[PDB]
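Heads up: the protein sequence lines correspond to chains P and E, in order.
Residues 25 to 53, 62 to 94 in PDB author numbering are what the first sequence spells out, letter by letter.
Residues 25 to 53, 63 to 94 in PDB author numbering are what the second sequence spells out, letter by letter.
Cβ coordinates follow ideal geometry from the N, Cα and C atoms, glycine included.
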Amino acid sequence: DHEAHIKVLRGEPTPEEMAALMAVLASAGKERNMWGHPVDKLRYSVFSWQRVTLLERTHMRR
Amino acid sequence: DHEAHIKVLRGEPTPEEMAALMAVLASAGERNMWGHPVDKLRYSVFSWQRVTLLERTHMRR
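As structure tokens, then:
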């Protein structure tokens, strides 16, 4: 077991206080669509390395 | 003189025949890349032809 458990560091709640505490704590708390992605709206020089390191990288990263 | 001249390989004309020959022979003798096909091709985002065709067209002079 290596989950990060809740710790009560100080004091000792009796069972009913434990249950009230836990119940209140329990109460509170990738579809790609590149269409018109900003990187497509940018305008790149024909020899711009950003065509590799920004545009293509952004499209390919999945 | 290293210019390439005409050459009468065979026979000799008289000067009048040479004048006729030369008169007859003499009397017989910007980039706009807009819509270049390479822009019209559809490329994969990773297609190497984006380098070796498209840039090698737009940049080339």
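Inter-residue distance for E:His29 and E:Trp67 is about 42 Å (C-alpha atoms, whole angstroms).
Boundaries of the alpha helix (DSSP H) harbouring P:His91: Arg89 to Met92, taken from the DSSP string.
Among the CB atoms of chain E, none fall inside 8 Å of the CB of P:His69.
For P:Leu87 and E:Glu88, the gap between their C-alpha atoms comes out near 16 Å.
In this structure, the CA atom of P:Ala47 is about 50 Å from the CA atom of P:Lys73.
Neighbours of E:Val78 across chain P, judged by C-beta separation under 7 Å: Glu88, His91 and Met92. E:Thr38 and E:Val32 have their alpha carbons spaced roughly 12 Å apart.
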